[PDB]
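We begin with a single chain expressed as structure tokens, specifically the form deposited in one PDB entry.
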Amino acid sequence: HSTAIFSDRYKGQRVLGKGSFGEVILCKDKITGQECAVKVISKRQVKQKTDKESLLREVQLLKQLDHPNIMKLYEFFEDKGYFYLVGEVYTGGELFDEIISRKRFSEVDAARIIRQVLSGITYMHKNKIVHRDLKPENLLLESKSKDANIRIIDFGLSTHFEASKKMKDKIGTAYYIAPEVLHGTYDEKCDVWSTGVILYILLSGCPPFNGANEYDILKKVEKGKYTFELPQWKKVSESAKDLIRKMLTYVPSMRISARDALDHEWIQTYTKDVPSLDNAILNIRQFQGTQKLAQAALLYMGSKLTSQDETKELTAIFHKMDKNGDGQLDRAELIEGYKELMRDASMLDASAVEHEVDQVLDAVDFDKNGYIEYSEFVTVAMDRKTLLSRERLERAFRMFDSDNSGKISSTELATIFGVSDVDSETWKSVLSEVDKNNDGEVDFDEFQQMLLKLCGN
């Protein structure tokens, strides 16, 4: 009786993105053609909180649950290096990204969104599963269809896997975390808090607990005080604010349950004219742009560091293989070395690696059937990746620069690096090196230069 192997059943199609605990890859069943989203968790980056037996039983429960606002889990695999969580793929994108693409957004739209989130949470709580890490990135629209349901992803994972301590993994997280989670004694009510934070953001476009860096955010959360004194709260019903107050009640025993929040006047009224919350949409668009650029900045720097690491490793690997030291290896060798290297969730299969080597060889018009100058292969394969990383950062810079100025101001940098939790005198120091003219703004290239200096380059 033999243990099921992930790659015997599924082939990788493409990377969907980064989520909590790992990369998510669009895969396909090699027999049935079923497409799925597979979260690949590396045992080297992510430690388990529970034992094997506890995880296996949770997975077995999760597979049997079914609700229109919860991600479906189909299968689970484990091998020496990874866990694989095989789920249904959702293609409508993140909630907040759909919201900012509309010209209109009212309390009716927010109530219908929150009803869905509370409905999913209610179901999971009845089944004794807690999310703990509910945030906007965990709310995916099922498809691009006008009336697509919201699907909450990652329920139950935080019970089994330890959260990363790396800022590139923590972007966004502090705004939403319940104060009792910080102090250690928590239960399912933490999910109602996080929902309350999200609803506050839907209706005003600003986090209720904010600050200039991650720890300042956490300090505000822990104090637990917030207000509705912003001008844009004047546009909002008293019932919406009453529900928020109940969800952001500090002592969790006193906080409203998810199921009771579904019976709240605000949900009952607004989910059956109502003005558009235009200032809120404006603020959400800004919030989202900033969060996305900070994230892109951190991933860019991570990509540069991974390249410094991998380029020299790949070179030493091939140097060792080149037994007579003439610098030439054949394609089967390049594949074996690239394999020794990956020993990138999308490259955890021999066939995917073969395919990638062929893409690199074709890029440079190296003939695949003879012997190849390996140092040139390494350069090409790494320059491709450096080019890709540069292009992802740029897209995010252009998105943030919504007036098409070509520039990010000093004040905007302060906001971005604060979200990125890059030390203020540190980024200011690097800005003084780059901005020799006291223009107090940077273009894309200059911004990229700052990021390189903030990762030792």
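Numbering starts at 1 and follows the sequence shown. By rigid core we mean the largest C-alpha set that fits within 1.5 Å across both forms.
There is another form of this protein, the form deposited in another entry, and it is not shown here; the text below is about that form.
After superposition on the rigid core, the single residue among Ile152, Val86, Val353, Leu248 whose C-alpha moves by 2 Å or more between the shown form and the other one is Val353.
For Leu182, a C-alpha deviation below 2 angstroms is recorded between the shown form and the other one after rigid-core alignment. Relative to the superposed rigid core, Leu16 undergoes a CA displacement smaller than 2 Å between the shown form and the other one. In a rigid-core overlay of the protein, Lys63 has its C-alpha displaced by under 2 Å between the shown form and the other one. Relative to the displayed conformation, the Cα-Cα distance from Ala352 to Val46 shrinks by 3 Å or more in the other entry. The pair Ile100 and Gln291 is tighter in the other entry: their Cα-Cα distance falls by no less than 3 Å compared with this form.
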